[PDB]
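Taking it in order: structure first as structure tokens, then the write-up.
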Amino acid sequence: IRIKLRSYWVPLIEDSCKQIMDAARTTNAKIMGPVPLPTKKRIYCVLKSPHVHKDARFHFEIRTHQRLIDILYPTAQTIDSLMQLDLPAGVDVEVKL
Amino acid sequence: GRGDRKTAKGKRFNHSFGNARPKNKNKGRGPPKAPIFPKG
Amino acid sequence: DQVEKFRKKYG
Amino acid sequence: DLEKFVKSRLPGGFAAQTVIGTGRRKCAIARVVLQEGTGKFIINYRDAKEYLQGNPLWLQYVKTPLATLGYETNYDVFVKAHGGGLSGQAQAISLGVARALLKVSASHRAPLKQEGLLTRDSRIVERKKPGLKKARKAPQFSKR
Amino acid sequence: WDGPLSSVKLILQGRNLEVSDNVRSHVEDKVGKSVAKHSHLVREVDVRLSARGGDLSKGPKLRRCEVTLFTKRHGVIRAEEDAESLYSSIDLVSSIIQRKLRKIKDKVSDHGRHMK
Amino acid sequence: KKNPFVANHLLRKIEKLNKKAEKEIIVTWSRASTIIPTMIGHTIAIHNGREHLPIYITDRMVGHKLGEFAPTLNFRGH
Amino acid sequence: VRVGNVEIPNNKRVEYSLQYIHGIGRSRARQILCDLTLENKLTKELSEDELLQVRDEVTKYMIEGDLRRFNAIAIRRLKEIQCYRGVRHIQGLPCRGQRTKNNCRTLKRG
Amino acid sequence: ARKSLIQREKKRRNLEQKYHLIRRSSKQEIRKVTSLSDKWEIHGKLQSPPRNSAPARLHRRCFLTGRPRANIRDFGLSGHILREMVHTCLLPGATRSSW
Amino acid sequence: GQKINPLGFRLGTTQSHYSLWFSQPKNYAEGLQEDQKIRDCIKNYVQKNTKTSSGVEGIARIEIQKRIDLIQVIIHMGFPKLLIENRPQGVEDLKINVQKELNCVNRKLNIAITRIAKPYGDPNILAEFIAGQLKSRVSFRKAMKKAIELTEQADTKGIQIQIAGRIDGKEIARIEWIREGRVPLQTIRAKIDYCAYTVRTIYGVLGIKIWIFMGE
Amino acid sequence: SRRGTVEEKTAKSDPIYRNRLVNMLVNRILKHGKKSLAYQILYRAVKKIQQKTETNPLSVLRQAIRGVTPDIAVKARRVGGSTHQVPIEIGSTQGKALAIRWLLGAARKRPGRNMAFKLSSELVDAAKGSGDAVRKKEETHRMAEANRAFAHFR
RNA sequence: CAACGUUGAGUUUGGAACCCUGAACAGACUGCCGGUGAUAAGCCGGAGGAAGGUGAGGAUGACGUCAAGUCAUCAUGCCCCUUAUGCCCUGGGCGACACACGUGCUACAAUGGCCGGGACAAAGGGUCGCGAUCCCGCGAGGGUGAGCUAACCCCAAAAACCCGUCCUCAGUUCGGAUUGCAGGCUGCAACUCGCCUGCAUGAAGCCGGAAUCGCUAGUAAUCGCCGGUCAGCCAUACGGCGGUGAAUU
Ligand SMILES: [Mg+2]
Ligand SMILES: [Mg+2]
Ligand SMILES: [Mg+2]
Ligand SMILES: [Mg+2]
Ligand SMILES: [Mg+2]
Ligand SMILES: [Mg+2]
Ligand SMILES: [Mg+2]
Ligand SMILES: [Mg+2]
Ligand SMILES: [Mg+2]
Ligand SMILES: [Mg+2]
Ligand SMILES: [Mg+2]
Ligand SMILES: [Mg+2]
Ligand SMILES: [Mg+2]
Ligand SMILES: [Mg+2]
Ligand SMILES: [Mg+2]
Ligand SMILES: [Mg+2]
Ligand SMILES: [Mg+2]
Ligand SMILES: [Mg+2]
Ligand SMILES: [Mg+2]
Ligand SMILES: [Mg+2]
Ligand SMILES: [Mg+2]
Ligand SMILES: [Mg+2]
Ligand SMILES: [Mg+2]
Ligand SMILES: [Mg+2]
Ligand SMILES: [Mg+2]
Ligand SMILES: [Mg+2]
Ligand SMILES: [Mg+2]
Ligand SMILES: [Mg+2]
Ligand SMILES: [Mg+2]
């Protein structure tokens, strides 16, 4: 089983990863690590003022960080220990089986 | 020339890849400029 | 001839 | 042909070998494997003069780290590169060579620092700033 | 308007207002006097008219004239006037231009012995 | 190989007026639609945005649109 | 050589010489040359055999007189039509949907 | 802006929903099926549904104000409100960014 | 000159976000929309049900976290004596309306109210307070000074208060402001709580900005 | 430059001949930063100059520049309300600069076919003291000496 | 990284040794040495070091000024319209044209233009989407539709540059305006007013008066690539990304 975490803020995502990795390390299944994928980062620029001045611009991004987690062998206890998991409200998880 | 839609340059500037500036090696370019025969 | 010219295109 | 000379001279990939150095400058990265004997410059499975085009300049950057030494006929260089343009890749080659050389014998240090071949050129491209045409270029401007 | 000033660009722009024939002629006269004497230096005359007050907006009936001159060598001659009538305004701007102008002629065109 | 164009309403009007064989003025707004042979000799009044302009259709017209014959811009002189 | 349609390519490569006929651009040029006739040289170095072929081919494509009267009857027709483009031709203002407020100068010089 | 504009937009959305599949259908019909003098009639079907039914007719407006210009799609917000909201931290993941 | 909303200036440093969820770029617009709809609802409700019973209702902020199953609304609030004490506790009475708005398909909603202990160490509340006293046609001097008092006795290191508009119904508008203690606006390490509020008087609008500095 | 002065930059060497001089010339002949092309031009110039004459081009450089190096020029000063042409003397770096420049300009204005040919032609003419680049320097000296009376620092 | 063979590759092995990704951590402080300086802050130098004196760029903009700009983003005091100054629709119009003023792009050629054959990026975006392969077309495109919710697949051709062949001084193989013919695509609809292709057409224009602007290093210059808006676009614009790379104080 591979899980793709994607989330905005960092601490949340690696603590979430930490929960998953320890809750699968406990149930005795082998893990291929929390592999970082390249951070996809989107830029938008906008007009600062409501009118006229074309030069005052505002740059904001959205950074999205991707973690990969490869669990090797899917024990019943492993699948349940990771299906149980409480992952904070700001992370997304994808499960490829 | 960059303003010539009849040239590889001009096509490249106008973002129109067309007869002069072909998409692949199998699309027909203009009739050939191949023969010259200098011997000497 | 613009009528037949038009009919050669479409018909 | 040259691919078999590179492959047969080097079984262990690019990572294993004792003497390796890594150049990077601008967007170009070059990994460098140093070996003993003859002298041959193979870059990405093609010749030095083939690749670098024989712009005297670039070639000279590449060979320069071995001319402070004189090891021109003593070493064999195999590098792989990507990113950027060939000028940069050349510069990179230059640096990675220097690091490899400092890996083989540390005594080389003093020549290489006196020439200044050891430092990472930090100069890179500056980003484009809003309201400006490119970098520091400000649009044509009328006082009236 | 003038021929000796033919080398000069008279640019007359109403901002919020409509320009008449009497404003035309009057502008040509009052700016004409100021410019005509110093014409060798002068280049472009930019006159904008702004009206406010009365029935248009709040506040007194202000009419405000802004002029700008340019010379072959020195840039930026700016003059701003507020008054009752367009006519009054113009008369004022002329009064100011004249002074600044002959101040420039004074500086450079005096063979001023500037030692330093 | 792709159809030319004409407005539906226009097309069927021209059909009816062709069948019943009378020349009647047609007020139309379709400033796009093409003049197809079967409308020739008719008089069509096209919208210029304020007025309808009567135009007599001829052999030459076919292949163009309607709006070429109703100038939209009123300009004579500075 | 003259006889190529009453006009004179002079002392150059054949293609860029052929072009001097109003009616031949680059395409017809290198097509006629490098497809039908097959030979590329200077102009005066053209052997009679080649020259004949050249004339006969170029004679089947339109040329200065025929083209000029072709486009002229085009324009004329449009003007008679009283359509938009006609109006513009007649008036001397640009028809391809280019703005008149500023730069027409090429077509406005007339 | 005017409330009426926003309403115009809404009624457009509705009509386009209603006729959506019909549009795709008549469309593949004129695309796939030959005979010019047939395509007259299927183009006669085409021209029947209201003009306010064509996707081309739609216009995105910032969902908060409704300003017709300057809408970046990801947010459905106009530049200005987007800015304000980025400062009160309502946009998850938004950061004043300097690269 | 213009400053930056000192909120937005420390983002991913000394300040968190408010909406805590994630979405794929396409859904992101929709999700945003949804947050807005409920923040609106929950503001309205409380406004009308507390100002009917005549009290000062600090609604300090609204945090929303979306999880695939349940979406959770955390209301930071200064005095929930007006939301709890009423018979239909704000919890249920709101849970129903908010769950009407967003959707109930694949999303069920939970509301939780949190008591922000020191109400005058929160700018937002304080500003609503001054807003009340000024809506009451108290002179702005008194208002400012009372606010400063309340706050500094409520545990605060620094405060800067600014009020702009037609002050005292006088025809020409102006800008009055008071700094108290220490307010670094440029230090990113400083925990800074800012807020912006608007007031509708007989004479037109009045802006209030409040800066509050809680240490490093 | 009101405050800071300028640090010195590493004087490079031309790859083939290992000269500071030749390198100077290839940098000033450069346009649109194509170094690739500039080297080609300069070397086909060395090749035409070894073609026409059997003398060592390395030396014809030294003659070409010794030939066009001005030791003095003027500068416009504002002194006591009077605008003077005061004959300021020139530093060596500045001399080499000026030199290579007048060379290059007179080389760009030539009637010829290539740039290699032009550059070679003007190197030949300047080494002989026979050309515009030299004449130019002598004019600068003529207009320095006429104004010799206005250098009060003399 | 290496291997097996293939241009479709595989998921087919090992390695984690290079690279890369991204998280944590270390590092630069005039910290050390010498010289200067009232002792002081510092200033010139030297070492080590990838970096040395804000290492380089960015976000950051005090009290205030201009009763600056914006009641057409939003909000709002007051004033005014309320079978109309509000609302629905189809056509027009914002795209006019004696001119003037400002910003840009292309140019005026051999440091070049054309052709043929080779090589090297970055960062982006992409499920009503990006679309390989194959087939029809000289060509835009048309038919087909893998693979891809993206370090996987696609847009994708990087271009300058280089090795060859032609022109070696022309109003030309410069430059490409204008206009005609015949097409393609989007979209109910391309006449006013879209963009793109093929054939033809081949204006001005030989570096530009007075004046005037941008720039101190990865900068200027020069070369292309992407994005947002978006059915399609007027984009040469704006915001970004890398390639090559100066002179001067
Ligand atoms: Mg050309
Ligand atoms: Mg285009
Ligand atoms: Mg094409
Ligand atoms: Mg084909
Ligand atoms: Mg960068
Ligand atoms: Mg750049
Ligand atoms: Mg601009
Ligand atoms: Mg740009
Ligand atoms: Mg409104
Ligand atoms: Mg639209
Ligand atoms: Mg301020
Ligand atoms: Mg000093
Ligand atoms: Mg493996
Ligand atoms: Mg040091
Ligand atoms: Mg710094
Ligand atoms: Mg004002
Ligand atoms: Mg105004
Ligand atoms: Mg209003
Ligand atoms: Mg109206
Ligand atoms: Mg309408
Ligand atoms: Mg406009
Ligand atoms: Mg129009
Ligand atoms: Mg432009
Ligand atoms: Mg796009
Ligand atoms: Mg296709
Ligand atoms: Mg001419
Ligand atoms: Mg010429
Ligand atoms: Mg300047
Ligand atoms: Mg688009």
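Chain labels A, B, ... are given in the sequence in which chains occur in the structure tokens; within each chain residues are numbered consecutively from 1, and ligands are likewise numbered from 1 in the order shown.
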
For ligand 3, return the neighbouring residues as a list in words (distance at most 9 Å; only C-alpha atoms (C1' of nucleotides) and all ligand atoms).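 Listed by chain and ascending number, the contacts are residues 11, 15, 16, 17, 18, 19, 20, 21, 22 and 23 of chain B; 139, 140, 141, 196 and 197 of chain K.
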
Only N, CA, C and O atoms (P, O5', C5', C4', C3', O3' and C1' of nucleotides), please: the residues just picked out, written as a PDB file, in the first residue's frame.
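Output saved as out34.pdb:
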ATOM      1  N   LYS B  11       7.585  32.753 -38.283  1.00  0.00           N
ATOM      2  CA  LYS B  11       6.615  31.820 -37.757  1.00  0.00           C
ATOM      3  C   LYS B  11       6.868  31.589 -36.268  1.00  0.00           C
ATOM      4  O   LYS B  11       5.925  31.536 -35.475  1.00  0.00           O
ATOM      5  N   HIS B  15       4.289  32.415 -33.258  1.00  0.00           N
ATOM      6  CA  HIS B  15       3.821  31.194 -32.613  1.00  0.00           C
ATOM      7  C   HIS B  15       2.941  30.366 -33.509  1.00  0.00           C
ATOM      8  O   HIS B  15       2.100  29.602 -33.035  1.00  0.00           O
ATOM      9  N   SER B  16       3.111  30.534 -34.808  1.00  0.00           N
ATOM     10  CA  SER B  16       2.384  29.704 -35.741  1.00  0.00           C
ATOM     11  C   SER B  16       3.400  28.818 -36.401  1.00  0.00           C
ATOM     12  O   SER B  16       4.193  29.253 -37.233  1.00  0.00           O
ATOM     13  N   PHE B  17       3.388  27.562 -36.022  1.00  0.00           N
ATOM     14  CA  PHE B  17       4.242  26.639 -36.703  1.00  0.00           C
ATOM     15  C   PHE B  17       3.370  26.151 -37.855  1.00  0.00           C
ATOM     16  O   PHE B  17       2.256  25.636 -37.662  1.00  0.00           O
ATOM     17  N   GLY B  18       3.910  26.356 -39.054  1.00  0.00           N
ATOM     18  CA  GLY B  18       3.209  26.288 -40.327  1.00  0.00           C
ATOM     19  C   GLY B  18       4.255  25.879 -41.357  1.00  0.00           C
ATOM     20  O   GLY B  18       5.362  25.514 -40.941  1.00  0.00           O
ATOM     21  N   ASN B  19       3.939  25.917 -42.659  1.00  0.00           N
ATOM     22  CA  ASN B  19       4.754  25.226 -43.679  1.00  0.00           C
ATOM     23  C   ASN B  19       6.261  25.396 -43.500  1.00  0.00           C
ATOM     24  O   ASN B  19       7.007  24.418 -43.531  1.00  0.00           O
ATOM     25  N   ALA B  20       6.699  26.628 -43.282  1.00  0.00           N
ATOM     26  CA  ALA B  20       8.122  26.917 -43.089  1.00  0.00           C
ATOM     27  C   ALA B  20       8.732  26.236 -41.848  1.00  0.00           C
ATOM     28  O   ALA B  20       9.839  25.699 -41.910  1.00  0.00           O
ATOM     29  N   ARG B  21       8.007  26.257 -40.731  1.00  0.00           N
ATOM     30  CA  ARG B  21       8.498  25.736 -39.450  1.00  0.00           C
ATOM     31  C   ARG B  21       7.610  24.571 -39.012  1.00  0.00           C
ATOM     32  O   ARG B  21       6.612  24.745 -38.308  1.00  0.00           O
ATOM     33  N   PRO B  22       7.979  23.366 -39.456  1.00  0.00           N
ATOM     34  CA  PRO B  22       7.165  22.150 -39.405  1.00  0.00           C
ATOM     35  C   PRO B  22       7.130  21.517 -38.010  1.00  0.00           C
ATOM     36  O   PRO B  22       8.084  21.678 -37.246  1.00  0.00           O
ATOM     37  N   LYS B  23       6.046  20.807 -37.695  1.00  0.00           N
ATOM     38  CA  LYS B  23       5.866  20.219 -36.369  1.00  0.00           C
ATOM     39  C   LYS B  23       6.757  18.981 -36.170  1.00  0.00           C
ATOM     40  O   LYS B  23       7.353  18.803 -35.105  1.00  0.00           O
TER      41      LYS B  23
ATOM     42  P     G K 139       2.023  18.819 -45.356  1.00  0.00           P
ATOM     43  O5'   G K 139       1.408  20.105 -44.658  1.00  0.00           O
ATOM     44  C5'   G K 139       2.237  21.219 -44.402  1.00  0.00           C
ATOM     45  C4'   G K 139       1.445  22.498 -44.319  1.00  0.00           C
ATOM     46  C3'   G K 139       0.419  22.597 -43.209  1.00  0.00           C
ATOM     47  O3'   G K 139       1.028  22.894 -41.971  1.00  0.00           O
ATOM     48  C1'   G K 139      -0.432  23.532 -45.218  1.00  0.00           C
ATOM     49  P     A K 140       0.727  22.017 -40.665  1.00  0.00           P
ATOM     50  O5'   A K 140      -0.804  22.292 -40.367  1.00  0.00           O
ATOM     51  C5'   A K 140      -1.170  22.976 -39.187  1.00  0.00           C
ATOM     52  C4'   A K 140      -1.634  24.374 -39.486  1.00  0.00           C
ATOM     53  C3'   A K 140      -2.969  24.736 -38.868  1.00  0.00           C
ATOM     54  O3'   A K 140      -2.808  25.198 -37.540  1.00  0.00           O
ATOM     55  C1'   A K 140      -2.961  25.333 -41.165  1.00  0.00           C
ATOM     56  P     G K 141      -3.232  24.265 -36.307  1.00  0.00           P
ATOM     57  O5'   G K 141      -4.801  24.068 -36.527  1.00  0.00           O
ATOM     58  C5'   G K 141      -5.413  22.786 -36.464  1.00  0.00           C
ATOM     59  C4'   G K 141      -6.283  22.526 -37.671  1.00  0.00           C
ATOM     60  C3'   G K 141      -7.112  21.254 -37.622  1.00  0.00           C
ATOM     61  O3'   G K 141      -8.323  21.410 -36.911  1.00  0.00           O
ATOM     62  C1'   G K 141      -5.942  21.319 -39.654  1.00  0.00           C
ATOM     63  P     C K 196      -2.437  35.609 -36.123  1.00  0.00           P
ATOM     64  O5'   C K 196      -2.548  34.184 -36.822  1.00  0.00           O
ATOM     65  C5'   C K 196      -2.030  33.026 -36.190  1.00  0.00           C
ATOM     66  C4'   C K 196      -2.346  31.779 -36.975  1.00  0.00           C
ATOM     67  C3'   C K 196      -1.915  31.757 -38.431  1.00  0.00           C
ATOM     68  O3'   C K 196      -0.534  31.533 -38.625  1.00  0.00           O
ATOM     69  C1'   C K 196      -4.110  30.937 -38.273  1.00  0.00           C
ATOM     70  P     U K 197       0.133  31.937 -40.029  1.00  0.00           P
ATOM     71  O5'   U K 197      -0.389  30.813 -41.035  1.00  0.00           O
ATOM     72  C5'   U K 197      -0.066  29.441 -40.842  1.00  0.00           C
ATOM     73  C4'   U K 197      -0.565  28.596 -41.986  1.00  0.00           C
ATOM     74  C3'   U K 197      -0.031  28.973 -43.356  1.00  0.00           C
ATOM     75  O3'   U K 197       1.198  28.330 -43.637  1.00  0.00           O
ATOM     76  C1'   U K 197      -2.391  28.758 -43.439  1.00  0.00           C
TER      77        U K 197
END

Write out as a PyMOL selection string each polymer residue (protein, DNA or RNA) that has an atom no more than 9 Å from ligand 23, with only C-alpha atoms (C1' of nucleotides) and all ligand atoms counted. chain K and resi 103-105+235-237

Let's have the selection written as a PDB file, in the first residue's frame, with C-alpha atoms (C1' of nucleotides).
ATOM      1  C1'   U K 103       4.710  53.367 -24.657  1.00  0.00           C
ATOM      2  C1'   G K 104       6.138  49.337 -27.576  1.00  0.00           C
ATOM      3  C1'   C K 105       7.461  45.613 -31.649  1.00  0.00           C
ATOM      4  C1'   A K 235      -0.438  39.292 -26.371  1.00  0.00           C
ATOM      5  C1'   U K 236       4.551  42.753 -29.855  1.00  0.00           C
ATOM      6  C1'   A K 237       1.177  43.655 -23.496  1.00  0.00           C
TER       7        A K 237
END

Counting only C-alpha atoms (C1' of nucleotides), what is within 8 Å of stretch 11-23 of chain I, bar same-chain residues fewer than 2 positions away, as a count of residues only? 32

Residues of chain B that have any atom at most 12 Å from an atom of chain G: could you tabulate them with the shortest-distance atom pair and the distance in Å to one decimal, using only C-alpha atoms, ordered by chain and increasing number, as a Markdown table?
| residue | atom | partner | partner_atom | distance |
| --- | --- | --- | --- | --- |
| B:6 | CA | G:26 | CA | 9.6 |
| B:7 | CA | G:26 | CA | 11.1 |
| B:19 | CA | G:27 | CA | 11.2 |
| B:20 | CA | G:27 | CA | 11.1 |
| B:29 | CA | G:27 | CA | 10.8 |
| B:30 | CA | G:27 | CA | 7.1 |
| B:31 | CA | G:31 | CA | 5.3 |
| B:32 | CA | G:34 | CA | 6.5 |
| B:33 | CA | G:30 | CA | 6.7 |
| B:34 | CA | G:34 | CA | 7.9 |
| B:35 | CA | G:40 | CA | 6.3 |
| B:36 | CA | G:40 | CA | 5.6 |
| B:37 | CA | G:40 | CA | 7.3 |
| B:38 | CA | G:41 | CA | 8.9 |
| B:39 | CA | G:41 | CA | 11.8 |

Kindly export the residues of the current selection with C-alpha atoms, as a PDB file, in the first residue's frame.
ATOM      1  CA  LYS B   6       6.725  33.288 -44.504  1.00  0.00           C
ATOM      2  CA  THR B   7       9.895  32.367 -42.538  1.00  0.00           C
ATOM      3  CA  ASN B  19       4.754  25.226 -43.679  1.00  0.00           C
ATOM      4  CA  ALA B  20       8.122  26.917 -43.089  1.00  0.00           C
ATOM      5  CA  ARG B  29       8.208  21.818 -46.005  1.00  0.00           C
ATOM      6  CA  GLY B  30       8.345  24.166 -49.009  1.00  0.00           C
ATOM      7  CA  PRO B  31       9.624  22.759 -52.363  1.00  0.00           C
ATOM      8  CA  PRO B  32      13.355  21.889 -52.056  1.00  0.00           C
ATOM      9  CA  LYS B  33      16.402  24.175 -52.219  1.00  0.00           C
ATOM     10  CA  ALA B  34      18.684  21.014 -52.421  1.00  0.00           C
ATOM     11  CA  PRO B  35      20.317  21.100 -55.899  1.00  0.00           C
ATOM     12  CA  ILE B  36      23.488  23.131 -56.570  1.00  0.00           C
ATOM     13  CA  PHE B  37      26.385  21.673 -58.614  1.00  0.00           C
ATOM     14  CA  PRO B  38      29.709  23.364 -57.950  1.00  0.00           C
ATOM     15  CA  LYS B  39      32.582  21.244 -59.199  1.00  0.00           C
TER      16      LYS B  39
END

Using only C-alpha atoms (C1' of nucleotides) and all ligand atoms, which residues have at least one atom no more than 9 Å from ligand 4? Output them as a list in words.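 Selection of residues at most 9 Å from ligand 4: residues 26, 27 and 28 of chain B; 136, 137 and 138 of chain K.
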
Nearby residues, ligand 22, 10 Å, only C-alpha atoms (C1' of nucleotides) and all ligand atoms, as a PyMOL selection string: (chain F and resi 71-73) or (chain G and resi 97+99) or (chain K and resi 92-96+192-193)

Those residues with N, CA, C and O atoms (P, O5', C5', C4', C3', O3' and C1' of nucleotides), as a PDB file, in the first residue's frame please?
ATOM      1  N   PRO F  71     -23.767  50.718 -44.273  1.00  0.00           N
ATOM      2  CA  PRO F  71     -22.692  51.335 -43.493  1.00  0.00           C
ATOM      3  C   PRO F  71     -23.182  51.786 -42.136  1.00  0.00           C
ATOM      4  O   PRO F  71     -24.229  52.424 -41.964  1.00  0.00           O
ATOM      5  N   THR F  72     -22.419  51.371 -41.145  1.00  0.00           N
ATOM      6  CA  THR F  72     -22.827  51.559 -39.774  1.00  0.00           C
ATOM      7  C   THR F  72     -22.357  52.887 -39.250  1.00  0.00           C
ATOM      8  O   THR F  72     -22.892  53.416 -38.276  1.00  0.00           O
ATOM      9  N   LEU F  73     -21.368  53.444 -39.925  1.00  0.00           N
ATOM     10  CA  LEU F  73     -20.772  54.651 -39.416  1.00  0.00           C
ATOM     11  C   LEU F  73     -21.108  55.840 -40.268  1.00  0.00           C
ATOM     12  O   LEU F  73     -20.925  55.854 -41.488  1.00  0.00           O
TER      13      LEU F  73
ATOM     14  N   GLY G  97      -9.349  45.656 -41.102  1.00  0.00           N
ATOM     15  CA  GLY G  97      -9.803  45.805 -39.735  1.00  0.00           C
ATOM     16  C   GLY G  97      -8.665  46.304 -38.894  1.00  0.00           C
ATOM     17  O   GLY G  97      -8.444  45.862 -37.766  1.00  0.00           O
ATOM     18  N   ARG G  99      -6.789  49.851 -37.406  1.00  0.00           N
ATOM     19  CA  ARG G  99      -7.319  51.105 -36.894  1.00  0.00           C
ATOM     20  C   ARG G  99      -6.841  52.310 -37.679  1.00  0.00           C
ATOM     21  O   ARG G  99      -5.697  52.386 -38.133  1.00  0.00           O
TER      22      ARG G  99
ATOM     23  P     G K  92     -24.485  44.412 -35.713  1.00  0.00           P
ATOM     24  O5'   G K  92     -23.705  45.778 -35.960  1.00  0.00           O
ATOM     25  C5'   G K  92     -23.306  46.587 -34.867  1.00  0.00           C
ATOM     26  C4'   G K  92     -23.922  47.961 -34.921  1.00  0.00           C
ATOM     27  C3'   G K  92     -23.118  49.028 -34.197  1.00  0.00           C
ATOM     28  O3'   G K  92     -22.136  49.609 -35.035  1.00  0.00           O
ATOM     29  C1'   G K  92     -25.330  49.067 -33.402  1.00  0.00           C
ATOM     30  P     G K  93     -20.583  49.198 -34.957  1.00  0.00           P
ATOM     31  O5'   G K  93     -20.008  50.265 -33.933  1.00  0.00           O
ATOM     32  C5'   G K  93     -20.537  51.580 -33.956  1.00  0.00           C
ATOM     33  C4'   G K  93     -20.487  52.238 -32.605  1.00  0.00           C
ATOM     34  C3'   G K  93     -19.265  51.933 -31.770  1.00  0.00           C
ATOM     35  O3'   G K  93     -18.132  52.660 -32.179  1.00  0.00           O
ATOM     36  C1'   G K  93     -21.171  51.733 -30.427  1.00  0.00           C
ATOM     37  P     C K  94     -16.745  51.886 -32.335  1.00  0.00           P
ATOM     38  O5'   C K  94     -16.135  51.943 -30.865  1.00  0.00           O
ATOM     39  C5'   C K  94     -16.102  53.179 -30.168  1.00  0.00           C
ATOM     40  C4'   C K  94     -15.871  53.011 -28.689  1.00  0.00           C
ATOM     41  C3'   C K  94     -14.679  52.172 -28.296  1.00  0.00           C
ATOM     42  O3'   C K  94     -13.489  52.933 -28.340  1.00  0.00           O
ATOM     43  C1'   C K  94     -16.560  51.570 -26.991  1.00  0.00           C
ATOM     44  P     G K  95     -12.073  52.235 -28.617  1.00  0.00           P
ATOM     45  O5'   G K  95     -12.325  51.319 -29.908  1.00  0.00           O
ATOM     46  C5'   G K  95     -12.756  51.864 -31.163  1.00  0.00           C
ATOM     47  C4'   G K  95     -12.060  51.220 -32.347  1.00  0.00           C
ATOM     48  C3'   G K  95     -12.661  51.515 -33.722  1.00  0.00           C
ATOM     49  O3'   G K  95     -11.618  51.564 -34.703  1.00  0.00           O
ATOM     50  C1'   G K  95     -12.665  49.191 -33.352  1.00  0.00           C
ATOM     51  P     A K  96     -10.958  52.963 -35.166  1.00  0.00           P
ATOM     52  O5'   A K  96     -12.171  53.812 -35.780  1.00  0.00           O
ATOM     53  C5'   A K  96     -12.978  53.273 -36.829  1.00  0.00           C
ATOM     54  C4'   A K  96     -13.876  54.299 -37.493  1.00  0.00           C
ATOM     55  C3'   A K  96     -13.168  55.448 -38.208  1.00  0.00           C
ATOM     56  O3'   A K  96     -13.876  55.817 -39.387  1.00  0.00           O
ATOM     57  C1'   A K  96     -14.607  56.310 -36.537  1.00  0.00           C
ATOM     58  P     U K 192     -15.047  42.835 -40.971  1.00  0.00           P
ATOM     59  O5'   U K 192     -15.687  44.169 -40.398  1.00  0.00           O
ATOM     60  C5'   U K 192     -15.649  45.350 -41.171  1.00  0.00           C
ATOM     61  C4'   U K 192     -16.640  46.352 -40.664  1.00  0.00           C
ATOM     62  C3'   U K 192     -16.368  46.885 -39.272  1.00  0.00           C
ATOM     63  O3'   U K 192     -15.423  47.938 -39.299  1.00  0.00           O
ATOM     64  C1'   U K 192     -18.655  46.294 -39.490  1.00  0.00           C
ATOM     65  P     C K 193     -14.554  48.287 -38.001  1.00  0.00           P
ATOM     66  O5'   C K 193     -14.211  46.862 -37.380  1.00  0.00           O
ATOM     67  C5'   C K 193     -13.102  46.113 -37.863  1.00  0.00           C
ATOM     68  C4'   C K 193     -12.739  44.982 -36.932  1.00  0.00           C
ATOM     69  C3'   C K 193     -12.856  43.588 -37.542  1.00  0.00           C
ATOM     70  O3'   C K 193     -11.858  42.727 -36.992  1.00  0.00           O
ATOM     71  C1'   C K 193     -14.337  43.778 -35.714  1.00  0.00           C
TER      72        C K 193
END

Distance in Å - atom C1' of residue K:157 versus atom CA of residue D:53: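 We find that atom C1' of residue K:157 and atom CA of residue D:53 lie 22.3 Å from each other.
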
When the cut-off is 6 Å and we count only C-alpha atoms, which residues of chain E are near chain J, given as a list in words?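 Selected residues: residues 113, 114, 115 and 116 of chain E.
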
Take the residues just selected and output them with C-alpha atoms as a PDB file, in the first residue's frame.
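The file below, selection_20.pdb, is the result:
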ATOM      1  CA  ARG E 113      30.278  85.374 -13.964  1.00  0.00           C
ATOM      2  CA  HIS E 114      29.865  82.298 -11.847  1.00  0.00           C
ATOM      3  CA  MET E 115      33.268  81.608 -10.355  1.00  0.00           C
ATOM      4  CA  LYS E 116      33.447  78.172  -8.656  1.00  0.00           C
TER       5      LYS E 116
END

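Secondary structure of chain A, alpha helix (DSSP H) only (DSSP, backbone atoms): residues 10, 11, 12, 13, 14, 15, 16, 17, 18, 19, 20, 21, 22, 23, 24, 25, 26, 76, 77, 78, 79, 80, 81, 82 and 83 of chain A.
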